[PDB]
Amino acid sequence: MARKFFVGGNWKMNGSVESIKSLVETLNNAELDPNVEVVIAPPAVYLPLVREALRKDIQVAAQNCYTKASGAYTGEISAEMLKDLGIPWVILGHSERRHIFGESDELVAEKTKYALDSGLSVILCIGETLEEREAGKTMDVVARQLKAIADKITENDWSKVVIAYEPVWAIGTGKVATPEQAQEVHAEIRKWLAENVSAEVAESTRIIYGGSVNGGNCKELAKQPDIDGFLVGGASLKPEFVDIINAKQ
Amino acid sequence: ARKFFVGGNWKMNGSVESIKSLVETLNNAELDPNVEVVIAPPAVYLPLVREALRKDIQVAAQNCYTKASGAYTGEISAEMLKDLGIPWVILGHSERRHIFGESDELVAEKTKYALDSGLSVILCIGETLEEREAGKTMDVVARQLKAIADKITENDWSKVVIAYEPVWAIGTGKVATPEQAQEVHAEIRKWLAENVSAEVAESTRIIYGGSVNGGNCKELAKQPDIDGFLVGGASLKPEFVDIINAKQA
């Protein structure tokens with residue numbers, strides 16, 4: 001019934017040696033809620049720097065990886081490389097990769113199965129666009145995106161998956177999501193897991209909210225019973241990321 | 001005369017250990033001092049290679065995006081490369097154009113942005129087996145080049161190297177002869193002369209990016225419009241040194 005609260009910070013395409021030095025120093029100086037599992041995701045070229053400098057109780061994630069150990073994929077990073085560098089997490093299926101870079105549901109599932117088999121943990125991102133929501137496809141889209149992973153991975157493999165619901169419909173659009181709207185989808189995802197994977201996976205899988213999370217709204221969102229944490233965007237670059245980690249204390 | 005140019009594209013290959021061994025071999029090699037040599041590790045190893053490698057070999061990234069920063073999960077910006085002391089980037093590699101669907105305009109945007117950020121660019125072009133059999137080799141390469149020429153200034157070409165990839169002879173079972181390669185390279189240089197300027201045509205290195213190894217590098221290098229190589233799998237092997245030295249007796 002209980003699930004450890006989970007806060008990921010996705011830096012996206014942001015950072016310099018100097019900016020990351022200050023950012024990491026702020027995190028190292030911070031007082032963090034011991035009950036919260038924290039993961040940050042630097043750009044791939046800063047992973048060694050971050051991994052060395054960052055407090056060990058915050059683990060590092062890559063922002064993406066590919067579906068093979070190695071080969072002729074110019075520009076791609078392998079899960080094995082991540083393991084080689086001591087990077088335990090990867091974000092897969094982020095809306096920007098799905099919708100700007102055309103990563104299909106099955107490619108996401110391929111990556112996910114491959115990363116898990118390599119011993120990584122996965123933040124698996126799902127969610128529907130404004131157009132899909134207007135079409136009434138919220139439940140169809142999240143079902144389809146999850147089903148691609150569920151077809152590919154074992155019940156035990158879910159142990160190392162965290163699901164991030166991204167309300168893409170409320171990201172850079174004129175719409176805003178309420179905690180109640182977020183809660184509604186998280187409950188739908190958990191029911192899908194119960195009915196398609198197992199009751200145990202539904203009860204133990206963290207489902208984190210990946211909409212616009214900042215210091216001002218995190219406390220309200222965390223009160224919802226099916227929101228198990230956050231995948232933070234722009235606020236992960238700011239000192240208030242600490243406040244978001246501490247949203248419950 | 002144009003300085004001979006040898007790039008080694010590791011693609012999605014490498015570990016800390018395997019890379020250590022590769023770099024030590026290069027650091028101990030006797031290299032033709034007239035050759036400009038560039039190595040392109042996977043992104044998560046750029047700091048490693050940049051620290052360890054002899055300073056007369058420059059490092060390249062295998063890809064980058066078109067802006068300095070923002071919400072592009074999984075992408076690296078040219079500004080990050082500059083920040084890390086990475087002077088080169090490979091753009092428009094056939095694997096990114098085909099597997100990852102990168103359009104001509106996207107490649108051209110990336111190229112413009114990288115140049116503006118102070119990088120040098122290895123710009124890859126080339127035609128597929130079907131295009132070549134249909135007789136569109138020059139239509140395709142002219143189109144791929146025109147997209148860049150429409151976006152960058154005449155002076156911007158100064159820090160461009162064109163890699164001709166005979167995609168028709170990469171993973172097709174076909175091999176290209178030096179005469180076939182020379183014929184395309186000569187057509188590319190003439191394209192530059194007639195569409196850009198006389199200077200750009202005579203200054204721009206056009207390097208051959210088909211299947212280059214120790215056994216064929218010497219005869220390719222004798223061709224008067226082949227200014228070097230973009231090496232794939234052999235760049236992972238000791239014979240990369242022989243390819244660098246293709247102009248020596």
# chains A, B, ... in the order shown; residues from 1 in each chain; ligands from 1
>>> residues_around(residues="residue B:219", least_positions_apart="3", cutoff="9 Å", atoms="only C-alpha atoms", output="JSON, numbers by chain")
{"B": [178, 215, 216, 222, 223, 246]}
>>> select_by_dssp(residues="stretch 21-126 of chain B", states="alpha helix (DSSP H)", output="VMD selection string")
chain B and resid 21 to 28 46 to 52 78 to 83 94 to 98 104 to 116
>>> interface_residues(of="chain B", to="chain A", cutoff="6 Å", atoms="only C-alpha atoms", output="ChimeraX atom specification")
/B:11-13,43-44,62-63,69-75
>>> write_last_selection(atoms="N, CA, C and O atoms", output="PDB file, in the first residue's frame")
ATOM      1  N   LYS B  11      30.721   5.865 -33.438  1.00  0.00           N
ATOM      2  CA  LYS B  11      29.297   5.529 -33.350  1.00  0.00           C
ATOM      3  C   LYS B  11      28.975   5.076 -31.921  1.00  0.00           C
ATOM      4  O   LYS B  11      29.516   5.612 -30.946  1.00  0.00           O
ATOM      5  N   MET B  12      28.046   4.140 -31.772  1.00  0.00           N
ATOM      6  CA  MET B  12      27.619   3.712 -30.447  1.00  0.00           C
ATOM      7  C   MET B  12      28.477   2.532 -29.986  1.00  0.00           C
ATOM      8  O   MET B  12      28.022   1.406 -29.864  1.00  0.00           O
ATOM      9  N   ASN B  13      29.754   2.826 -29.752  1.00  0.00           N
ATOM     10  CA  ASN B  13      30.744   1.841 -29.343  1.00  0.00           C
ATOM     11  C   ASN B  13      31.692   2.474 -28.348  1.00  0.00           C
ATOM     12  O   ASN B  13      32.093   3.629 -28.507  1.00  0.00           O
ATOM     13  N   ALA B  43      28.667  10.508 -26.774  1.00  0.00           N
ATOM     14  CA  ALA B  43      28.641  11.766 -26.020  1.00  0.00           C
ATOM     15  C   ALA B  43      29.102  11.614 -24.570  1.00  0.00           C
ATOM     16  O   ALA B  43      29.762  12.509 -24.028  1.00  0.00           O
ATOM     17  N   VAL B  44      28.753  10.508 -23.913  1.00  0.00           N
ATOM     18  CA  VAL B  44      29.030  10.380 -22.484  1.00  0.00           C
ATOM     19  C   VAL B  44      30.517  10.137 -22.219  1.00  0.00           C
ATOM     20  O   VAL B  44      30.947  10.088 -21.061  1.00  0.00           O
ATOM     21  N   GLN B  62      29.076  13.354 -32.105  1.00  0.00           N
ATOM     22  CA  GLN B  62      28.391  12.633 -33.174  1.00  0.00           C
ATOM     23  C   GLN B  62      27.073  13.261 -33.597  1.00  0.00           C
ATOM     24  O   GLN B  62      26.481  12.788 -34.574  1.00  0.00           O
ATOM     25  N   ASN B  63      26.619  14.313 -32.912  1.00  0.00           N
ATOM     26  CA  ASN B  63      25.357  14.985 -33.211  1.00  0.00           C
ATOM     27  C   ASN B  63      25.206  16.158 -32.250  1.00  0.00           C
ATOM     28  O   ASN B  63      25.898  16.222 -31.237  1.00  0.00           O
ATOM     29  N   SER B  69      19.825  26.134 -25.764  1.00  0.00           N
ATOM     30  CA  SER B  69      19.258  25.471 -24.598  1.00  0.00           C
ATOM     31  C   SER B  69      17.752  25.396 -24.779  1.00  0.00           C
ATOM     32  O   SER B  69      17.185  26.044 -25.659  1.00  0.00           O
ATOM     33  N   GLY B  70      17.111  24.621 -23.911  1.00  0.00           N
ATOM     34  CA  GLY B  70      15.672  24.585 -23.741  1.00  0.00           C
ATOM     35  C   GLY B  70      15.126  23.168 -23.603  1.00  0.00           C
ATOM     36  O   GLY B  70      15.839  22.234 -23.230  1.00  0.00           O
ATOM     37  N   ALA B  71      13.832  23.016 -23.890  1.00  0.00           N
ATOM     38  CA  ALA B  71      13.089  21.805 -23.523  1.00  0.00           C
ATOM     39  C   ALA B  71      13.181  20.738 -24.616  1.00  0.00           C
ATOM     40  O   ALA B  71      12.216  20.425 -25.322  1.00  0.00           O
ATOM     41  N   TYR B  72      14.371  20.150 -24.723  1.00  0.00           N
ATOM     42  CA  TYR B  72      14.665  19.127 -25.728  1.00  0.00           C
ATOM     43  C   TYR B  72      15.361  17.980 -25.003  1.00  0.00           C
ATOM     44  O   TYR B  72      16.579  17.839 -25.067  1.00  0.00           O
ATOM     45  N   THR B  73      14.560  17.166 -24.318  1.00  0.00           N
ATOM     46  CA  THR B  73      15.076  16.054 -23.531  1.00  0.00           C
ATOM     47  C   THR B  73      15.884  15.126 -24.426  1.00  0.00           C
ATOM     48  O   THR B  73      15.391  14.682 -25.465  1.00  0.00           O
ATOM     49  N   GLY B  74      17.114  14.810 -24.011  1.00  0.00           N
ATOM     50  CA  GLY B  74      17.960  13.944 -24.803  1.00  0.00           C
ATOM     51  C   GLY B  74      18.853  14.614 -25.830  1.00  0.00           C
ATOM     52  O   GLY B  74      19.610  13.916 -26.504  1.00  0.00           O
ATOM     53  N   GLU B  75      18.790  15.927 -25.997  1.00  0.00           N
ATOM     54  CA  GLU B  75      19.598  16.592 -27.005  1.00  0.00           C
ATOM     55  C   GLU B  75      20.748  17.349 -26.360  1.00  0.00           C
ATOM     56  O   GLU B  75      20.669  17.769 -25.201  1.00  0.00           O
TER      57      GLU B  75
END
>>> closest_residue(among="B:93, B:132, B:151, B:3", to="residue B:111", atoms="only C-alpha atoms")
B:151
>>> residues_around(residues="stretch 218-227 of chain A", least_positions_apart="6", cutoff="9 Å", atoms="only C-alpha atoms", output="PDB file with N, CA, C and O atoms, in the first residue's frame")
ATOM      1  N   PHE A   5       7.959   8.213  -1.998  1.00  0.00           N
ATOM      2  CA  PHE A   5       7.791   9.430  -2.786  1.00  0.00           C
ATOM      3  C   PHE A   5       9.022   9.638  -3.673  1.00  0.00           C
ATOM      4  O   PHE A   5      10.159   9.497  -3.218  1.00  0.00           O
ATOM      5  N   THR A 178      -5.324  20.860 -13.150  1.00  0.00           N
ATOM      6  CA  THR A 178      -5.577  20.894 -11.727  1.00  0.00           C
ATOM      7  C   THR A 178      -5.073  19.631 -11.061  1.00  0.00           C
ATOM      8  O   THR A 178      -4.904  18.599 -11.712  1.00  0.00           O
ATOM      9  N   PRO A 179      -4.819  19.683  -9.759  1.00  0.00           N
ATOM     10  CA  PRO A 179      -4.470  18.452  -9.056  1.00  0.00           C
ATOM     11  C   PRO A 179      -5.530  17.395  -9.250  1.00  0.00           C
ATOM     12  O   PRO A 179      -5.222  16.196  -9.275  1.00  0.00           O
ATOM     13  N   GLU A 180      -6.795  17.814  -9.324  1.00  0.00           N
ATOM     14  CA  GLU A 180      -7.873  16.864  -9.546  1.00  0.00           C
ATOM     15  C   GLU A 180      -7.770  16.233 -10.934  1.00  0.00           C
ATOM     16  O   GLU A 180      -7.964  15.023 -11.082  1.00  0.00           O
ATOM     17  N   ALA A 182      -4.991  15.822 -12.637  1.00  0.00           N
ATOM     18  CA  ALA A 182      -3.837  14.936 -12.574  1.00  0.00           C
ATOM     19  C   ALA A 182      -4.208  13.658 -11.846  1.00  0.00           C
ATOM     20  O   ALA A 182      -3.955  12.553 -12.334  1.00  0.00           O
ATOM     21  N   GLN A 183      -4.831  13.803 -10.675  1.00  0.00           N
ATOM     22  CA  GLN A 183      -5.264  12.658  -9.887  1.00  0.00           C
ATOM     23  C   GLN A 183      -6.145  11.713 -10.706  1.00  0.00           C
ATOM     24  O   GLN A 183      -6.040  10.487 -10.577  1.00  0.00           O
ATOM     25  N   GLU A 184      -7.075  12.263 -11.499  1.00  0.00           N
ATOM     26  CA  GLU A 184      -7.966  11.419 -12.309  1.00  0.00           C
ATOM     27  C   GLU A 184      -7.180  10.483 -13.244  1.00  0.00           C
ATOM     28  O   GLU A 184      -7.483   9.287 -13.344  1.00  0.00           O
ATOM     29  N   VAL A 185      -6.178  11.018 -13.950  1.00  0.00           N
ATOM     30  CA  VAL A 185      -5.372  10.203 -14.863  1.00  0.00           C
ATOM     31  C   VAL A 185      -4.531   9.193 -14.090  1.00  0.00           C
ATOM     32  O   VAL A 185      -4.407   8.034 -14.499  1.00  0.00           O
ATOM     33  N   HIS A 186      -3.924   9.609 -12.973  1.00  0.00           N
ATOM     34  CA  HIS A 186      -3.084   8.673 -12.226  1.00  0.00           C
ATOM     35  C   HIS A 186      -3.903   7.484 -11.770  1.00  0.00           C
ATOM     36  O   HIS A 186      -3.452   6.331 -11.862  1.00  0.00           O
ATOM     37  N   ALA A 187      -5.125   7.742 -11.299  1.00  0.00           N
ATOM     38  CA  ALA A 187      -6.007   6.651 -10.900  1.00  0.00           C
ATOM     39  C   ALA A 187      -6.328   5.750 -12.084  1.00  0.00           C
ATOM     40  O   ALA A 187      -6.401   4.525 -11.936  1.00  0.00           O
ATOM     41  N   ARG A 190      -3.285   3.553 -12.727  1.00  0.00           N
ATOM     42  CA  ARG A 190      -3.141   2.511 -11.722  1.00  0.00           C
ATOM     43  C   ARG A 190      -4.167   1.404 -11.947  1.00  0.00           C
ATOM     44  O   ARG A 190      -3.857   0.213 -11.797  1.00  0.00           O
ATOM     45  N   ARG A 206       5.254   3.488  -8.448  1.00  0.00           N
ATOM     46  CA  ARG A 206       5.132   4.934  -8.309  1.00  0.00           C
ATOM     47  C   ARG A 206       4.617   5.508  -9.618  1.00  0.00           C
ATOM     48  O   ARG A 206       5.140   5.191 -10.694  1.00  0.00           O
ATOM     49  N   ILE A 207       3.608   6.370  -9.533  1.00  0.00           N
ATOM     50  CA  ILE A 207       3.144   7.147 -10.675  1.00  0.00           C
ATOM     51  C   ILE A 207       3.352   8.617 -10.352  1.00  0.00           C
ATOM     52  O   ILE A 207       2.657   9.181  -9.496  1.00  0.00           O
ATOM     53  N   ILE A 208       4.315   9.241 -11.027  1.00  0.00           N
ATOM     54  CA  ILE A 208       4.724  10.614 -10.730  1.00  0.00           C
ATOM     55  C   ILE A 208       4.148  11.558 -11.773  1.00  0.00           C
ATOM     56  O   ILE A 208       3.877  11.177 -12.920  1.00  0.00           O
ATOM     57  N   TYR A 209       3.875  12.785 -11.336  1.00  0.00           N
ATOM     58  CA  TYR A 209       3.246  13.799 -12.171  1.00  0.00           C
ATOM     59  C   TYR A 209       4.312  14.599 -12.896  1.00  0.00           C
ATOM     60  O   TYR A 209       5.214  15.168 -12.262  1.00  0.00           O
ATOM     61  N   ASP A 243      12.829  22.708  -2.545  1.00  0.00           N
ATOM     62  CA  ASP A 243      11.499  22.855  -1.968  1.00  0.00           C
ATOM     63  C   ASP A 243      10.543  21.803  -2.506  1.00  0.00           C
ATOM     64  O   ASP A 243       9.667  21.321  -1.777  1.00  0.00           O
ATOM     65  N   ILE A 244      10.691  21.438  -3.786  1.00  0.00           N
ATOM     66  CA  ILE A 244       9.833  20.415  -4.383  1.00  0.00           C
ATOM     67  C   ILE A 244      10.136  19.034  -3.797  1.00  0.00           C
ATOM     68  O   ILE A 244       9.227  18.241  -3.536  1.00  0.00           O
ATOM     69  N   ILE A 245      11.413  18.704  -3.628  1.00  0.00           N
ATOM     70  CA  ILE A 245      11.792  17.475  -2.928  1.00  0.00           C
ATOM     71  C   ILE A 245      11.142  17.418  -1.540  1.00  0.00           C
ATOM     72  O   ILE A 245      10.675  16.365  -1.089  1.00  0.00           O
ATOM     73  N   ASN A 246      11.083  18.562  -0.855  1.00  0.00           N
ATOM     74  CA  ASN A 246      10.566  18.667   0.505  1.00  0.00           C
ATOM     75  C   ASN A 246       9.078  18.995   0.551  1.00  0.00           C
ATOM     76  O   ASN A 246       8.597  19.512   1.566  1.00  0.00           O
ATOM     77  N   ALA A 247       8.341  18.691  -0.522  1.00  0.00           N
ATOM     78  CA  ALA A 247       6.946  19.108  -0.623  1.00  0.00           C
ATOM     79  C   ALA A 247       6.088  18.532   0.496  1.00  0.00           C
ATOM     80  O   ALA A 247       5.036  19.103   0.806  1.00  0.00           O
ATOM     81  N   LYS A 248       6.542  17.439   1.124  1.00  0.00           N
ATOM     82  CA  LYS A 248       5.720  16.755   2.157  1.00  0.00           C
ATOM     83  C   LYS A 248       6.152  17.121   3.589  1.00  0.00           C
ATOM     84  O   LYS A 248       5.350  16.890   4.488  1.00  0.00           O
TER      85      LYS A 248
END
>>> atom_distance(atom1="atom CA of residue A:196", atom2="atom CA of residue A:165")
17.6 Å
>>> atom_distance(atom1="atom CA of residue B:100", atom2="atom CA of residue A:108")
13.6 Å
>>> residues_around(residues="residue B:152", least_positions_apart="3", cutoff="6 Å", atoms="only C-alpha atoms", output="list in words")
residues 112, 149 and 156 of chain B
>>> select_by_dssp(residues="stretch 142-219 of chain A", states="strand (DSSP E or B)", output="JSON, numbers by chain")
{"A": [161, 162, 163, 164, 165, 207, 208, 209]}
>>> residues_around(residues="stretch 133-135 of chain B", least_positions_apart="5", cutoff="12 Å", atoms="only C-alpha atoms", output="MDAnalysis selection string")
chainID B and resid 127:128 140:141 168:169
>>> atom_distance(atom1="atom CA of residue A:123", atom2="atom CA of residue A:6")
10.4 Å
>>> closest_residue(among="B:36, B:79, B:30, B:95", to="residue B:59", atoms="only C-alpha atoms")
B:36
>>> closest_residue(among="B:88, B:240, B:4, B:191", to="residue B:214", atoms="only C-alpha atoms")
B:240
>>> closest_residue(among="A:203, A:33, A:105, A:52", to="residue A:158", atoms="only C-alpha atoms")
A:203
>>> residues_around(residues="residue A:60", least_positions_apart="5", cutoff="7 Å", atoms="only C-alpha atoms", output="ChimeraX atom specification")
/A:39-41,51,87-89
>>> write_last_selection(atoms="N, CA, C and O atoms", output="mmCIF file, in the first residue's frame")
data_model
loop_
_atom_site.group_PDB
_atom_site.id
_atom_site.type_symbol
_atom_site.label_atom_id
_atom_site.label_comp_id
_atom_site.auth_asym_id
_atom_site.auth_seq_id
_atom_site.Cartn_x
_atom_site.Cartn_y
_atom_site.Cartn_z
ATOM 1 N N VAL A 39 16.197 11.753 -8.123
ATOM 2 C CA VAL A 39 16.982 11.434 -9.315
ATOM 3 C C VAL A 39 17.099 12.688 -10.160
ATOM 4 O O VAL A 39 16.104 13.382 -10.371
ATOM 5 N N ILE A 40 18.304 13.001 -10.625
ATOM 6 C CA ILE A 40 18.436 14.096 -11.575
ATOM 7 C C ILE A 40 19.053 13.578 -12.867
ATOM 8 O O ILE A 40 19.850 12.633 -12.867
ATOM 9 N N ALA A 41 18.689 14.236 -13.976
ATOM 10 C CA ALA A 41 19.007 13.814 -15.342
ATOM 11 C C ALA A 41 19.712 14.941 -16.088
ATOM 12 O O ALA A 41 19.051 15.851 -16.617
ATOM 13 N N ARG A 51 27.959 12.986 -11.884
ATOM 14 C CA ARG A 51 28.070 11.784 -11.073
ATOM 15 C C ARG A 51 29.193 11.925 -10.054
ATOM 16 O O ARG A 51 29.039 11.520 -8.900
ATOM 17 N N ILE A 87 25.626 4.999 -13.945
ATOM 18 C CA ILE A 87 24.384 5.751 -14.083
ATOM 19 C C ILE A 87 23.204 4.804 -13.950
ATOM 20 O O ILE A 87 22.939 4.028 -14.871
ATOM 21 N N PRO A 88 22.534 4.753 -12.799
ATOM 22 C CA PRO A 88 21.512 3.717 -12.585
ATOM 23 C C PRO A 88 20.168 3.964 -13.272
ATOM 24 O O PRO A 88 19.365 3.024 -13.345
ATOM 25 N N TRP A 89 19.857 5.185 -13.704
ATOM 26 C CA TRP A 89 18.525 5.507 -14.210
ATOM 27 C C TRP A 89 18.578 6.016 -15.642
ATOM 28 O O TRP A 89 19.578 6.581 -16.086
#
>>> residues_around(residues="residue A:22", least_positions_apart="2", cutoff="12 Å", atoms="only C-alpha atoms", output="PyMOL selection string")
chain A and resi 15-20+24-29+50+53-54+237-239
